[PDB]
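Read the single chain below, which is given as structure tokens and is the form deposited in one PDB entry.
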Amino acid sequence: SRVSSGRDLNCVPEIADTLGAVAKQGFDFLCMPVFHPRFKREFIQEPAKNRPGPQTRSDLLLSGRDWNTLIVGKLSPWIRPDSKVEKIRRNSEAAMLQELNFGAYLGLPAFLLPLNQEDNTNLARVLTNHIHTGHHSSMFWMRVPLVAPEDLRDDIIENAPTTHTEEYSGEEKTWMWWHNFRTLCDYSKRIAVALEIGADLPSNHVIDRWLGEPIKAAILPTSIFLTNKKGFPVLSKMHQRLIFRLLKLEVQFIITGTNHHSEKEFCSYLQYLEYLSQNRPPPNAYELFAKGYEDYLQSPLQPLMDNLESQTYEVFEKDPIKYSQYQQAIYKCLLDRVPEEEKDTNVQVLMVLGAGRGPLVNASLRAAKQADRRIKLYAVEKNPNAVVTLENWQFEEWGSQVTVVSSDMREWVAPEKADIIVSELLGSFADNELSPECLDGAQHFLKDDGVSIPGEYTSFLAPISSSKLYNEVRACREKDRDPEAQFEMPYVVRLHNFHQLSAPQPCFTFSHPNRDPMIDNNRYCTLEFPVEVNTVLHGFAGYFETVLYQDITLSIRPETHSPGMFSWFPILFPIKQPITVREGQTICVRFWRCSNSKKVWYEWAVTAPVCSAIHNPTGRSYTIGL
């Protein structure tokens, strides 16, 4: 899709003509006043109170259709609910409600309010009161700048110079303006950011603060555009990065200010964004497919407790790299176990534990052929619906090379012990589908010298900031359960609008076979995450790595991600209350793997720089069925 772009005016003599001119220039929508910006109104004191005549222009000037889709409202700039003058507060209160109520009456899709100072406490109270007056879905775009106007004023007051001191926290102040406002409004999903970009960008850390924030719009003033020698409006290299980053967040671009390039038409600016949009670093395979699932929360699959649907098998079978790596792992293992001299006399007992619909059974055969070794194959599957697929394959193609077993691998009595067990029982947090317990129960029919593929897997955690995902989780409250349960359970999610606060670190590791006597799959692990920014912690992203055999690995840990396995999204472990983290501080998190005879689960707590409640105690909110 091409870039969505709107025009920002603070002057509209005729709506009809203005919208037409703006539409003709190529804009998707118009931001404009709904009352005249200079039309101050009195609500208390006579005679100004009783000013006759219409308070603004009629709704009959546009179709309902146009109002709903083409028009973003703007708060009149005289409305200052946090003025130090009582009379001005009371008038700005009434005027804000008036203008906000008219926006709702028109059915406007969005409405712009500025954060242009530190104290917007009364502004927030009035907006909050408006949000809680009817069940409307209309959006509120908080116009807030990257750089506070005070911090980008020309240094031309002789007796009041611009501070040349670096202020790490001071340069981030406009983020705090936003954070305080959205905190006061209790994270309303209807309140998002319109981030105003200035001529001089701040440090990256300041731009990095807005990672994970709900940016719906970016405002580009005409002024910040440099000029091409030909005359077209253009943007600095640094500005072009921010734009590329913002395109990934599919924000709507607003263009504000008068045309500073006289000889050129206004559509010139717009055409540059579209040009910039056409030319972007190419998206990889797991950036292209994962499109549609961005920050979409899902329940992690439990293929032990539940029988996967035909179409679930299908999705996760469409991954040639997974099978090619499994094929290669078995290939290398067969040669190490059967010398070239014994190839024709020595048949290896290979057993696929959780054989699904067959493709791993196929992979095991492709491996034995290209290795030129003979294999007796057992296909063990508990899902009787997939066992239907296997037994149809077994009869039509595989022949008596493959014995299909319709059984739990923990219950199955084997006719003969195995040389290689091959399993595909990993989830996004590795052990979250209960591979450990499954293979432990199957271990007794692996030969004393037998190989497990996979041999080990390791889970990884990283702390993340995402006010967006926090709000997604918050919105998963269901009737008839603990009202905070949604925070005490992991989600599979293509983490999109977020910030990784620290490099992933290993959490839980399992080895197969587990020769260890008196096996215990329970775990307690303390992780310390050095954080080098100011930020807010909303949860922990989970990933994993597995060694199938020797150097043959699969990974969704970003810094070692296998080429593909795009279908395997990260896990999100949320926390009930966001925790403020200052630069230089350590985030300490504690993860537990817990169990009884019936269920496995995770508990977790943050212990630095403050303590959370322990999440999911006793698996009250979330368990994985044995």
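The numbering used is simple: start at 1 and walk along the sequence shown. The term rigid core refers to the most C-alpha atoms you can superpose between the two forms while keeping them within 1.5 Å.
Omitted from view is the form deposited in another entry, to which the following refers.
Trainee: If you fit the rigid core between this form and the one not shown, which of 452, 467, 92, 428 ends up with a C-alpha shift of 2 Å or more?
Mentor: The displaced C-alpha is that of 428.
Trainee: Does residue 102 count as moved between this form and the one not shown, where moved means a C-alpha shift of 2 angstroms or more after fitting the rigid core?
Mentor: No, residue 102 moves less than 2 Å.
Trainee: Rigid core superposed, CA of residue 410 - does it shift 2 Å or more between this form and the one not shown?
Mentor: Result for residue 410: yes, a 2 Å-plus shift.
Trainee: Please say whether the CA atoms of residue 455 and residue 409 come closer or move farther apart in the other form, knowing the change relative to this form is 3 Å or more.
Mentor: It is farther: the C-alpha separation of residue 455 and residue 409 rises by at least 3 Å in the other form.
Trainee: Compared with this form, is the residue 431-residue 461 Cα separation smaller or larger in the other form, the difference being 3 Å or more?
Mentor: It is farther: the C-alpha separation of residue 431 and residue 461 rises by at least 3 Å in the other form.
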